Amino acid sequence: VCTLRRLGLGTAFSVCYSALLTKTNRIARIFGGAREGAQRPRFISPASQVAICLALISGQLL
Amino acid sequence: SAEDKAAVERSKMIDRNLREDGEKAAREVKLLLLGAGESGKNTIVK
Amino acid sequence: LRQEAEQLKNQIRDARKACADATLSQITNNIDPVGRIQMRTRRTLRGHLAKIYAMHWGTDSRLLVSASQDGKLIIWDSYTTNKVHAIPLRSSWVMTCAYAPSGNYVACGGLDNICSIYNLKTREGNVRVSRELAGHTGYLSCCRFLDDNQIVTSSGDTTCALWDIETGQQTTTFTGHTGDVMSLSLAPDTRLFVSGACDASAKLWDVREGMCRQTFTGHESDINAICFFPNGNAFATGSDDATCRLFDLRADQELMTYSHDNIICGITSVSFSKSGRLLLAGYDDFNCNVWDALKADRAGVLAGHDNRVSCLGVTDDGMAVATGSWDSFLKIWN
Amino acid sequence: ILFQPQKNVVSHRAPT
Amino acid sequence: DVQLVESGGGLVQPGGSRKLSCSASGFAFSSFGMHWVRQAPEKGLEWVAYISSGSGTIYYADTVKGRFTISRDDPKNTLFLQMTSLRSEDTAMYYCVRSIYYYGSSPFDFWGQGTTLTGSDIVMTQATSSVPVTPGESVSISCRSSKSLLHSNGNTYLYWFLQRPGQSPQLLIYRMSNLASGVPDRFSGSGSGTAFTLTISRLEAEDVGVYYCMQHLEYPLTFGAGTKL
Amino acid sequence: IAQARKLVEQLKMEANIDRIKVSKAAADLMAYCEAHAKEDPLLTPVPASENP
Amino acid sequence: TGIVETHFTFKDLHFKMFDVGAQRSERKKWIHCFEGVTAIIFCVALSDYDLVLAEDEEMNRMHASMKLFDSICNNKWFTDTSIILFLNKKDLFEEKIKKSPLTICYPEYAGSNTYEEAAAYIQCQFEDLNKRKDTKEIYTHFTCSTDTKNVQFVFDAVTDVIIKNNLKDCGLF
């Protein structure tokens with residue numbers, strides 16, 4: 001049990017606070033395309049956002 | 001496979017040229033003028 | 001006036017009926033169909049960034065050229081799937097491309113009424129524009145290379161004109177058909193380029209001699225593409241009413257009709273094989289189809305395109321067919 | 001969603 | 001018009017060294033690979049170095065590995081080559097070579113005017129050094145390689161040059177079955193694996209020269225012995 | 001002039017209708033497919049395909 | 001006779017309008033060749049609700065635009081693109097608003113020829129033709145005879161649909 005206590009505490013407060021970062025980044029970048037025009041920014045997709053969300057989570061695991 | 005390797009190298013270079021032109025084409029808005037002629041199209045293009 | 005033409009219109013129909021009563025194109029009914037010819041995968045060429053309308057092969061079945069809306073004409077080879085000439089294009093609104101039989105020139109045409117000619121073999125490492133072709137008010141619907149010097153192309157102004165790349169001039173003008181002309185298919189004899197015009201009537205023409213010797217009708221809706229049988233005894237015309245026909249030369253009439261009950265779309269491209277027994281198709285259900293011209297039955301169905309096809313080409317030595325889908329993917333099915 | 005239904009309004013970057 | 005006049009190497013001394021400058025004109029430098037060739041006063045041609053398009057790939061010869069530096073200036077359309085610690089064996093006249101690599105291309109199709117400087121590799125051997133010829137006759141030149149040049153793709157790597165007396169060599173046949181641009185159809189070549197031959201008919205006065213054969217499989221670029229015609 | 005052009009053009013098809021075949025067109029296509037069946041590689045798979 | 005792509009840049013955004021029309025062919029054969037466009041601009045002459053085509057002698061100048069406008073919006077090709085409406089020469093329309101009764105174009109219309117009132121009814125008559133309007137938006141504008149400040153509106157109009165298009169794919173909307 002002791003082994004996953006460190007993993008459990010680290011991930012729970014990393015998963016919660018990483019989804020908010022992706023949501024804030026996605027909204028800001030979409031509304032930040034005023035300088036650009038008629039183009040779709042990269043990495044903003046339902047499939048890609050899940051992958052980029054786990055990238056920040058996996059950093060804590062390492 | 002000597003000239004073939006160089007051919008692949010040239011293909012990679014022009015692949016980037018097509019890729020970089022994609023953003024430039026996508027960075028411009030496209031609008032279509034529609035309607036009967038002599039209805040004010042001159043005053044919106046001059 | 002029309003009164004005199006009425007007798008002539010009925011006279012030719014009587015001759016057509018006599019030929020139609022002689023045979024039914026199904027007398028044999030024992031052509032031994034091959035069956036499943038489902039060629040699947042192993043070619044996924046990419047590189048374009050917009051919609052694709054044209055894809056033409058070479059005489060050596062080695063170099064493949066495709067035109068897109070991105071304004072970049074790209075020459076491809078199926079064997080090594082590596083780009084060789086990512087040359088730029090002046091017109092972004094293009095709808096066709098051509099490849100010279102000698103493998104030295106390419107042609108592009110679109111809504112700008114310009115048929116640009118580019119020389120591939122130049123001692124500067126970069127292609128140039130041979131000259132600008134003007135004289136059409138419609139749109140370069142389809143362009144082909146009649147020879148290394150003389151070429152024949154279609155237009156959106158119901159005018160097919162032979163061209164001279166040496167100086168630039170319309171040697172012959174064939175403005176004698178009402179509908180819009182959508183595509184043309186040449187012949188190995190280099191003398192027939194029967195039209196696929198919009199008014200559902202294929203009109204035969206003669207090179208260097210302005211005249212029409214036979215007109216083929218019997219289609220509903222519009223016609224978008226047309227092919228030509230290898231031996232010159234017939235050709236296949238693809239209509240927009242999800243129907244196909246095989247117009248013979250000597251018979252000069254429709255003998256077969258290929259259409260299934262469930263399918264309702266249209267033909268965007270059609271091309272024969274080497275033998276001509278198997279005929280490909282251009283159905284608009286995001287997939288291609290093949291019809292056996294011998295047993296008058298569907299040989300098989302192949303798919304794998306996200307968007308519907310727009311172009312189709314068969315290599316001059318066979319064993320390779322390319323599909324110009326609207327998505328930026330070209331696949332040589334084998 | 002639950003306490004005060006029947007609104008269901010989301011808007012874009014509307015300047016007017 | 002295509003001009004590849006190169007300026008650079010001249011009188012030097014042991015220890016001290018100096019660079020080369022090959023100037024391009026009439027063609028796109030950025031889309032071409034460039035080569036350098038040495039010609040000793042009493043010997044044949046020799047590879048120096050090579051720069052690919054966009055400086056994306058770098059190669060050097062064994063005899064100048066770690067000693068010579070190659071660089072190009074695409075905006076200036078000029079080619080450089082740094083030299084350090086020149087030796088006595090480096091006293092030779094240099095060549096500037098233009099080349100391109102794609103399907104159906106003609107590599108080594110143009111050579112510069114040239115300036116005068118004062119084991120695992122495939123061995124190229126020509127058994128014949130000189131041949132007396134007469135106008136209107138037929139002569140065959142045989143070139144052999146220590147390794148078979150036939151690749152799995154179905155094409156071989158053979159190149160032929162003719163050494164005009166007093167100017168740069170000109171490409172005649174590439175890939176042993178394709179004639180270079182501007183070369184008459186009279187010139188032809190044949191071979192299989194390692195026994196390659198070149199056939200000439202109706203010898204003319206201008207046909208006199210020295211013929212060199214190269215190989216391009218893998219990348220040990222070496223020249224042949226050279227046959228005097 | 002459109003009516004005059006239409007009537008003068010119509011006689012070409014009537015004149016060309018004289019050279020008409022009843023069964024040669026159907027036999028020609030069938031014979032060509034059978035004769036060139038071995039040459040066509042789409043109908044019969046081959047082990048030496050150039051696009052593997 | 002072909003199309004003309006003009007370039008003009010304002011507020012750090014590059015635009016490339018396509019002057020398609022000179023084409024006298026089927027048009028439908030290349031109508032689909034003008035997709036992926038963020039928005040379209042429709043120009044309407046206000047002082048044409050009375051004018052009648054001399055050759056047709058039965059179809060009104062403005063009523064002809066109604067058929068063209070309905071076909072453009074109702075097709076399956078342009079279901080994912082927005083519509084921008086431009087009205088030209090309001091000074092003549094305002095002069096003819098009372099000089100020529102609004103009935104000439106809208107006989108059902110019986111409101112005062114007062115410009116403000118008439119302009120309101122004709123504007124609402126543009127958007128009630130499309131069967132589906134949930135994913136279709138129309139940005140009506142009045143411009144001017146000289147149309148000096150119309151550039152600002154089209155810059156704002158495309159920005160509204162650029163953000164809307166991005167959110168549609170991302171699923172945020």
# chains A, B, ... in the order shown; residues from 1 in each chain; ligands from 1

$ residues_around --residues "residue 25 (chain B)" --least-positions-apart "3" --cutoff "10 Å" --atoms "only C-alpha atoms" --output "list in words"
residues 38 and 39 of chain A; 20, 21, 22, 28, 29 and 30 of chain B; 49, 70 and 71 of chain C; 14 and 16 of chain G

$ write_last_selection --atoms "N, CA and C atoms" --output "mmCIF file, in the first residue's frame"
data_model
loop_
_atom_site.group_PDB
_atom_site.id
_atom_site.type_symbol
_atom_site.label_atom_id
_atom_site.label_comp_id
_atom_site.auth_asym_id
_atom_site.auth_seq_id
_atom_site.Cartn_x
_atom_site.Cartn_y
_atom_site.Cartn_z
ATOM 1 N N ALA A 38 -8.665 32.740 -40.702
ATOM 2 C CA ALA A 38 -9.140 31.691 -41.603
ATOM 3 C C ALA A 38 -8.302 30.420 -41.526
ATOM 4 N N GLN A 39 -7.610 30.196 -40.412
ATOM 5 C CA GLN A 39 -6.795 29.005 -40.232
ATOM 6 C C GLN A 39 -7.156 28.331 -38.917
ATOM 7 N N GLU B 20 5.038 24.629 -45.919
ATOM 8 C CA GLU B 20 5.091 26.018 -45.475
ATOM 9 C C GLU B 20 4.122 26.896 -46.257
ATOM 10 N N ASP B 21 3.844 26.547 -47.514
ATOM 11 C CA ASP B 21 2.857 27.289 -48.288
ATOM 12 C C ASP B 21 1.435 27.003 -47.827
ATOM 13 N N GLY B 22 1.227 25.927 -47.067
ATOM 14 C CA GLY B 22 -0.108 25.623 -46.581
ATOM 15 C C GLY B 22 -0.626 26.654 -45.597
ATOM 16 N N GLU B 28 -5.147 33.454 -45.154
ATOM 17 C CA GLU B 28 -5.906 34.480 -45.852
ATOM 18 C C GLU B 28 -7.376 34.091 -45.917
ATOM 19 N N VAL B 29 -8.253 35.062 -45.641
ATOM 20 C CA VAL B 29 -9.723 34.807 -45.678
ATOM 21 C C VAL B 29 -10.182 34.769 -47.140
ATOM 22 N N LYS B 30 -11.206 33.965 -47.442
ATOM 23 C CA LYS B 30 -11.734 33.868 -48.830
ATOM 24 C C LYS B 30 -13.205 34.299 -48.843
ATOM 25 N N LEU C 49 -2.504 19.450 -50.351
ATOM 26 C CA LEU C 49 -3.109 20.135 -49.215
ATOM 27 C C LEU C 49 -4.476 20.719 -49.556
ATOM 28 N N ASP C 70 -4.437 23.837 -54.301
ATOM 29 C CA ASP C 70 -3.385 24.535 -53.575
ATOM 30 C C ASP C 70 -2.494 25.367 -54.487
ATOM 31 N N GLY C 71 -2.608 25.204 -55.802
ATOM 32 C CA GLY C 71 -1.735 25.911 -56.715
ATOM 33 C C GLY C 71 -0.361 25.299 -56.849
ATOM 34 N N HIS G 14 -4.685 39.309 -43.999
ATOM 35 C CA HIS G 14 -4.636 39.300 -45.454
ATOM 36 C C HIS G 14 -5.914 38.686 -46.009
ATOM 37 N N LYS G 16 -8.197 37.634 -49.746
ATOM 38 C CA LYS G 16 -8.046 37.350 -51.199
ATOM 39 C C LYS G 16 -9.428 37.104 -51.815
#

$ closest_atom_pairs --of "chain C" --to "chain G" --cutoff "7 Å" --atoms "only C-alpha atoms" --output "tab-separated table"
residue	atom	partner	partner_atom	distance
C:111	CA	G:2	CA	6.0
C:112	CA	G:2	CA	4.6
C:113	CA	G:2	CA	6.2
C:137	CA	G:1	CA	4.8
C:138	CA	G:25	CA	5.5
C:156	CA	G:25	CA	5.5
C:157	CA	G:25	CA	6.5

$ interface_residues --of "chain C" --to "chain E" --cutoff "8 Å" --atoms "only C-alpha atoms" --output "PyMOL selection string"
chain C and resi 84+123-126

$ residues_around --residues "region 5-19 of chain B" --least-positions-apart "5" --cutoff "12 Å" --atoms "only C-alpha atoms" --output "PyMOL selection string"
(chain B and resi 24-26) or (chain C and resi 46-50+68+70-77+80-89) or (chain E and resi 30-33+51-58+99-105+107+216-219)

$ write_last_selection --atoms "C-alpha atoms" --output "PDB file, in the first residue's frame"
ATOM      1  CA  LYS B  24       0.218  31.058 -46.053  1.00  0.00           C
ATOM      2  CA  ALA B  25      -2.757  29.921 -48.139  1.00  0.00           C
ATOM      3  CA  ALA B  26      -4.746  29.192 -44.965  1.00  0.00           C
TER       4      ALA B  26
ATOM      5  CA  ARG C  46       0.245  11.963 -50.035  1.00  0.00           C
ATOM      6  CA  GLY C  47       1.532  15.513 -50.326  1.00  0.00           C
ATOM      7  CA  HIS C  48      -1.354  17.665 -51.514  1.00  0.00           C
ATOM      8  CA  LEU C  49      -3.109  20.135 -49.215  1.00  0.00           C
ATOM      9  CA  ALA C  50      -6.376  20.812 -51.077  1.00  0.00           C
ATOM     10  CA  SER C  68      -4.918  20.482 -56.883  1.00  0.00           C
ATOM     11  CA  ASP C  70      -3.385  24.535 -53.575  1.00  0.00           C
ATOM     12  CA  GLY C  71      -1.735  25.911 -56.715  1.00  0.00           C
ATOM     13  CA  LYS C  72       1.037  23.289 -56.707  1.00  0.00           C
ATOM     14  CA  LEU C  73       1.394  20.805 -59.558  1.00  0.00           C
ATOM     15  CA  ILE C  74       3.259  17.722 -58.317  1.00  0.00           C
ATOM     16  CA  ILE C  75       4.748  14.878 -60.366  1.00  0.00           C
ATOM     17  CA  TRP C  76       4.809  11.492 -58.631  1.00  0.00           C
ATOM     18  CA  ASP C  77       6.285   8.046 -59.222  1.00  0.00           C
ATOM     19  CA  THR C  80       9.514   5.155 -54.908  1.00  0.00           C
ATOM     20  CA  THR C  81       6.555   7.361 -53.782  1.00  0.00           C
ATOM     21  CA  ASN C  82       8.808  10.425 -53.644  1.00  0.00           C
ATOM     22  CA  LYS C  83       8.003  13.839 -55.085  1.00  0.00           C
ATOM     23  CA  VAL C  84      10.162  14.880 -58.031  1.00  0.00           C
ATOM     24  CA  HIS C  85       8.713  18.242 -59.197  1.00  0.00           C
ATOM     25  CA  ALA C  86       6.672  20.291 -56.710  1.00  0.00           C
ATOM     26  CA  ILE C  87       6.393  23.082 -59.270  1.00  0.00           C
ATOM     27  CA  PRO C  88       4.151  26.105 -58.580  1.00  0.00           C
ATOM     28  CA  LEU C  89       0.962  26.895 -60.472  1.00  0.00           C
TER      29      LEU C  89
ATOM     30  CA  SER E  30      20.060  25.988 -54.682  1.00  0.00           C
ATOM     31  CA  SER E  31      18.509  23.047 -56.579  1.00  0.00           C
ATOM     32  CA  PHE E  32      21.822  21.548 -57.769  1.00  0.00           C
ATOM     33  CA  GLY E  33      24.441  19.379 -56.144  1.00  0.00           C
ATOM     34  CA  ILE E  51      27.714  19.434 -51.328  1.00  0.00           C
ATOM     35  CA  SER E  52      24.047  18.492 -51.627  1.00  0.00           C
ATOM     36  CA  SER E  53      21.081  20.791 -52.191  1.00  0.00           C
ATOM     37  CA  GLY E  54      20.426  22.974 -49.161  1.00  0.00           C
ATOM     38  CA  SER E  55      23.585  21.724 -47.395  1.00  0.00           C
ATOM     39  CA  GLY E  56      21.529  18.922 -45.865  1.00  0.00           C
ATOM     40  CA  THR E  57      24.094  16.203 -46.553  1.00  0.00           C
ATOM     41  CA  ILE E  58      27.892  16.385 -46.306  1.00  0.00           C
ATOM     42  CA  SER E  99      24.853  17.923 -60.904  1.00  0.00           C
ATOM     43  CA  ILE E 100      21.239  17.142 -60.002  1.00  0.00           C
ATOM     44  CA  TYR E 101      19.593  13.992 -58.639  1.00  0.00           C
ATOM     45  CA  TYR E 102      16.072  12.899 -59.583  1.00  0.00           C
ATOM     46  CA  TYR E 103      14.388  10.282 -61.756  1.00  0.00           C
ATOM     47  CA  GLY E 104      15.548  10.694 -65.346  1.00  0.00           C
ATOM     48  CA  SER E 105      18.149  13.322 -64.445  1.00  0.00           C
ATOM     49  CA  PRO E 107      24.180  14.047 -63.199  1.00  0.00           C
ATOM     50  CA  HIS E 216      28.135   5.677 -58.398  1.00  0.00           C
ATOM     51  CA  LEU E 217      26.928   2.575 -56.517  1.00  0.00           C
ATOM     52  CA  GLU E 218      27.355   3.128 -52.785  1.00  0.00           C
ATOM     53  CA  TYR E 219      29.440   6.262 -52.664  1.00  0.00           C
TER      54      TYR E 219
END

$ interface_residues --of "chain G" --to "chain A" --cutoff "8 Å" --atoms "only C-alpha atoms" --output "list in words"
residues 12, 13, 14, 38, 159, 162, 163, 166, 167, 169, 170 and 171 of chain G

$ residues_around --residues "region 145-153 of chain G" --least-positions-apart "5" --cutoff "8 Å" --atoms "only C-alpha atoms" --output "list in words"
residues 43 and 44 of chain B; 88, 89, 90 and 91 of chain G

$ write_last_selection --atoms "N, CA, C and O atoms" --output "PDB file, in the first residue's frame"
ATOM      1  N   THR B  43     -18.368  49.297 -56.674  1.00  0.00           N
ATOM      2  CA  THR B  43     -18.086  50.153 -55.528  1.00  0.00           C
ATOM      3  C   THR B  43     -17.482  49.392 -54.353  1.00  0.00           C
ATOM      4  O   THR B  43     -17.030  50.025 -53.394  1.00  0.00           O
ATOM      5  N   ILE B  44     -17.471  48.059 -54.393  1.00  0.00           N
ATOM      6  CA  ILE B  44     -16.915  47.256 -53.311  1.00  0.00           C
ATOM      7  C   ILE B  44     -15.617  46.570 -53.700  1.00  0.00           C
ATOM      8  O   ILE B  44     -15.058  45.822 -52.885  1.00  0.00           O
TER       9      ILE B  44
ATOM     10  N   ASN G  88     -26.361  48.347 -51.834  1.00  0.00           N
ATOM     11  CA  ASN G  88     -25.665  49.393 -52.565  1.00  0.00           C
ATOM     12  C   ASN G  88     -26.618  50.525 -52.927  1.00  0.00           C
ATOM     13  O   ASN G  88     -27.798  50.300 -53.213  1.00  0.00           O
ATOM     14  N   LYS G  89     -26.083  51.748 -52.909  1.00  0.00           N
ATOM     15  CA  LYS G  89     -26.802  52.951 -53.332  1.00  0.00           C
ATOM     16  C   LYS G  89     -28.083  53.153 -52.519  1.00  0.00           C
ATOM     17  O   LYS G  89     -29.201  53.087 -53.037  1.00  0.00           O
ATOM     18  N   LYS G  90     -27.901  53.397 -51.219  1.00  0.00           N
ATOM     19  CA  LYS G  90     -29.055  53.682 -50.372  1.00  0.00           C
ATOM     20  C   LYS G  90     -29.588  55.086 -50.619  1.00  0.00           C
ATOM     21  O   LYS G  90     -30.758  55.363 -50.332  1.00  0.00           O
ATOM     22  N   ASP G  91     -28.741  55.990 -51.123  1.00  0.00           N
ATOM     23  CA  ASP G  91     -29.180  57.355 -51.393  1.00  0.00           C
ATOM     24  C   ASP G  91     -30.263  57.385 -52.463  1.00  0.00           C
ATOM     25  O   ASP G  91     -31.240  58.132 -52.348  1.00  0.00           O
TER      26      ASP G  91
END

$ atom_distance --atom1 "CA of residue 131 (chain E)" --atom2 "CA of residue 171 (chain E)"
20.4 Å

$ atom_distance --atom1 "CA of residue 42 (chain G)" --atom2 "CA of residue 141 (chain C)"
26.9 Å

$ closest_atom_pairs --of "chain F" --to "chain C" --cutoff "7 Å" --atoms "only C-alpha atoms" --output "Markdown table"
| residue | atom | partner | partner_atom | distance |
| --- | --- | --- | --- | --- |
| F:3 | CA | C:1 | CA | 5.3 |
| F:4 | CA | C:1 | CA | 6.8 |
| F:7 | CA | C:5 | CA | 5.7 |
| F:10 | CA | C:8 | CA | 6.9 |
| F:12 | CA | C:213 | CA | 5.6 |
| F:13 | CA | C:214 | CA | 5.2 |
| F:14 | CA | C:12 | CA | 5.9 |
| F:16 | CA | C:213 | CA | 6.3 |
| F:20 | CA | C:250 | CA | 5.6 |
| F:21 | CA | C:251 | CA | 5.3 |
| F:22 | CA | C:19 | CA | 5.2 |
| F:23 | CA | C:23 | CA | 6.3 |
| F:25 | CA | C:250 | CA | 6.0 |
| F:26 | CA | C:25 | CA | 6.4 |
| F:32 | CA | C:275 | CA | 6.7 |
| F:33 | CA | C:275 | CA | 4.8 |
| F:36 | CA | C:275 | CA | 5.3 |
| F:37 | CA | C:275 | CA | 5.9 |
| F:40 | CA | C:274 | CA | 5.2 |
| F:41 | CA | C:319 | CA | 5.4 |
| F:42 | CA | C:319 | CA | 5.5 |
| F:43 | CA | C:37 | CA | 6.8 |
| F:51 | CA | C:79 | CA | 6.0 |
| F:52 | CA | C:42 | CA | 6.7 |

$ write_last_selection --atoms "N, CA, C and O atoms" --output "mmCIF file, in the first residue's frame"
data_model
loop_
_atom_site.group_PDB
_atom_site.id
_atom_site.type_symbol
_atom_site.label_atom_id
_atom_site.label_comp_id
_atom_site.auth_asym_id
_atom_site.auth_seq_id
_atom_site.Cartn_x
_atom_site.Cartn_y
_atom_site.Cartn_z
ATOM 1 N N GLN F 3 -30.482 27.147 -88.453
ATOM 2 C CA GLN F 3 -31.266 26.104 -89.104
ATOM 3 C C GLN F 3 -30.538 25.541 -90.319
ATOM 4 O O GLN F 3 -30.546 24.325 -90.547
ATOM 5 N N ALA F 4 -29.905 26.410 -91.112
ATOM 6 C CA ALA F 4 -29.163 25.945 -92.279
ATOM 7 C C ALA F 4 -27.981 25.076 -91.873
ATOM 8 O O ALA F 4 -27.696 24.060 -92.518
ATOM 9 N N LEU F 7 -29.315 21.502 -90.744
ATOM 10 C CA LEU F 7 -29.754 20.589 -91.796
ATOM 11 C C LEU F 7 -28.578 20.082 -92.623
ATOM 12 O O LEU F 7 -28.549 18.909 -93.013
ATOM 13 N N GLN F 10 -26.850 17.393 -90.604
ATOM 14 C CA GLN F 10 -27.583 16.154 -90.358
ATOM 15 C C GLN F 10 -27.300 15.099 -91.420
ATOM 16 O O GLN F 10 -27.276 13.902 -91.111
ATOM 17 N N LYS F 12 -24.603 14.317 -92.830
ATOM 18 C CA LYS F 12 -23.355 13.592 -92.607
ATOM 19 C C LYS F 12 -23.595 12.301 -91.834
ATOM 20 O O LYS F 12 -23.027 11.254 -92.171
ATOM 21 N N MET F 13 -24.428 12.353 -90.793
ATOM 22 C CA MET F 13 -24.744 11.143 -90.042
ATOM 23 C C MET F 13 -25.532 10.154 -90.893
ATOM 24 O O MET F 13 -25.310 8.941 -90.808
ATOM 25 N N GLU F 14 -26.461 10.653 -91.711
ATOM 26 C CA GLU F 14 -27.209 9.772 -92.603
ATOM 27 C C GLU F 14 -26.288 9.111 -93.622
ATOM 28 O O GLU F 14 -26.426 7.916 -93.911
ATOM 29 N N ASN F 16 -23.028 8.625 -93.196
ATOM 30 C CA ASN F 16 -22.168 7.719 -92.446
ATOM 31 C C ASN F 16 -22.913 6.484 -91.958
ATOM 32 O O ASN F 16 -22.272 5.498 -91.579
ATOM 33 N N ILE F 20 -22.388 0.473 -91.705
ATOM 34 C CA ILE F 20 -22.984 0.005 -90.461
ATOM 35 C C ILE F 20 -22.708 -1.485 -90.314
ATOM 36 O O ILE F 20 -22.690 -2.227 -91.304
ATOM 37 N N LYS F 21 -22.466 -1.917 -89.079
ATOM 38 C CA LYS F 21 -22.242 -3.318 -88.761
ATOM 39 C C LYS F 21 -23.363 -3.824 -87.863
ATOM 40 O O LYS F 21 -23.901 -3.082 -87.036
ATOM 41 N N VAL F 22 -23.712 -5.095 -88.033
ATOM 42 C CA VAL F 22 -24.802 -5.708 -87.288
ATOM 43 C C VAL F 22 -24.291 -6.524 -86.107
ATOM 44 O O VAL F 22 -24.856 -6.456 -85.015
ATOM 45 N N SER F 23 -23.223 -7.299 -86.303
ATOM 46 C CA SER F 23 -22.666 -8.127 -85.243
ATOM 47 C C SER F 23 -21.152 -8.047 -85.125
ATOM 48 O O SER F 23 -20.597 -8.630 -84.187
ATOM 49 N N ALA F 25 -19.295 -5.440 -84.363
ATOM 50 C CA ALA F 25 -18.892 -4.623 -83.222
ATOM 51 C C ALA F 25 -18.873 -5.437 -81.934
ATOM 52 O O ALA F 25 -17.935 -5.327 -81.136
ATOM 53 N N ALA F 26 -19.903 -6.256 -81.710
ATOM 54 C CA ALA F 26 -19.940 -7.084 -80.508
ATOM 55 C C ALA F 26 -18.842 -8.140 -80.528
ATOM 56 O O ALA F 26 -18.211 -8.406 -79.498
ATOM 57 N N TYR F 32 -11.135 -9.215 -78.794
ATOM 58 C CA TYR F 32 -9.998 -8.475 -78.256
ATOM 59 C C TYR F 32 -9.743 -8.830 -76.796
ATOM 60 O O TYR F 32 -8.589 -8.994 -76.383
ATOM 61 N N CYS F 33 -10.808 -8.943 -75.998
ATOM 62 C CA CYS F 33 -10.642 -9.289 -74.589
ATOM 63 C C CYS F 33 -10.049 -10.684 -74.428
ATOM 64 O O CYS F 33 -9.164 -10.897 -73.591
ATOM 65 N N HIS F 36 -6.284 -10.659 -75.720
ATOM 66 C CA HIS F 36 -5.408 -9.904 -74.834
ATOM 67 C C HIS F 36 -5.661 -10.210 -73.362
ATOM 68 O O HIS F 36 -5.297 -9.405 -72.498
ATOM 69 N N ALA F 37 -6.285 -11.352 -73.061
ATOM 70 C CA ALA F 37 -6.537 -11.712 -71.669
ATOM 71 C C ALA F 37 -5.236 -11.942 -70.911
ATOM 72 O O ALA F 37 -5.100 -11.525 -69.754
ATOM 73 N N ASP F 40 -3.321 -8.555 -70.126
ATOM 74 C CA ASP F 40 -3.885 -7.719 -69.074
ATOM 75 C C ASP F 40 -3.524 -8.301 -67.714
ATOM 76 O O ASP F 40 -3.855 -9.461 -67.441
ATOM 77 N N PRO F 41 -2.856 -7.546 -66.838
ATOM 78 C CA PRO F 41 -2.523 -8.061 -65.506
ATOM 79 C C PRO F 41 -3.539 -7.736 -64.424
ATOM 80 O O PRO F 41 -3.376 -8.210 -63.291
ATOM 81 N N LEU F 42 -4.569 -6.944 -64.727
ATOM 82 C CA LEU F 42 -5.572 -6.620 -63.716
ATOM 83 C C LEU F 42 -6.488 -7.806 -63.447
ATOM 84 O O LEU F 42 -6.874 -8.054 -62.299
ATOM 85 N N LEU F 43 -6.849 -8.551 -64.495
ATOM 86 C CA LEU F 43 -7.788 -9.655 -64.330
ATOM 87 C C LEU F 43 -7.143 -10.852 -63.643
ATOM 88 O O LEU F 43 -7.820 -11.583 -62.911
ATOM 89 N N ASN F 51 4.561 -2.950 -58.318
ATOM 90 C CA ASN F 51 4.145 -2.099 -57.203
ATOM 91 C C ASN F 51 3.814 -2.988 -56.013
ATOM 92 O O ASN F 51 2.637 -3.240 -55.717
ATOM 93 N N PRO F 52 4.835 -3.484 -55.298
ATOM 94 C CA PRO F 52 4.627 -4.360 -54.143
ATOM 95 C C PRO F 52 4.445 -3.583 -52.843
ATOM 96 O O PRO F 52 5.263 -3.738 -51.936
#

$ residues_around --residues "residue 122 (chain E)" --least-positions-apart "2" --cutoff "8 Å" --atoms "only C-alpha atoms" --output "PyMOL selection string"
chain E and resi 119-120+124+145-147+220+222

$ select_by_dssp --residues "chain B" --states "strand (DSSP E)" --output "VMD selection string"
chain B and resid 28 to 29 31 to 34

$ residues_around --residues "residue 84 (chain G)" --least-positions-apart "4" --cutoff "6 Å" --atoms "only C-alpha atoms" --output "VMD selection string"
chain G and resid 40 to 42 138 to 139

$ select_by_dssp --residues "chain F" --states "alpha helix (DSSP H)" --output "list in words"
residues 2, 3, 4, 5, 6, 7, 8, 9, 10, 11, 12, 13, 14, 15, 16, 24, 25, 26, 27, 28, 29, 30, 31, 32, 33, 34 and 35 of chain F

$ atom_distance --atom1 "CA of residue 148 (chain E)" --atom2 "CA of residue 198 (chain E)"
17.1 Å

$ residues_around --residues "residue 15 (chain A)" --least-positions-apart "3" --cutoff "12 Å" --atoms "only C-alpha atoms" --output "list in words"
residues 7, 8, 9, 10, 11, 12, 18, 19, 20, 21, 22, 50, 52, 53, 54, 55, 56, 57, 58, 59, 60 and 61 of chain A
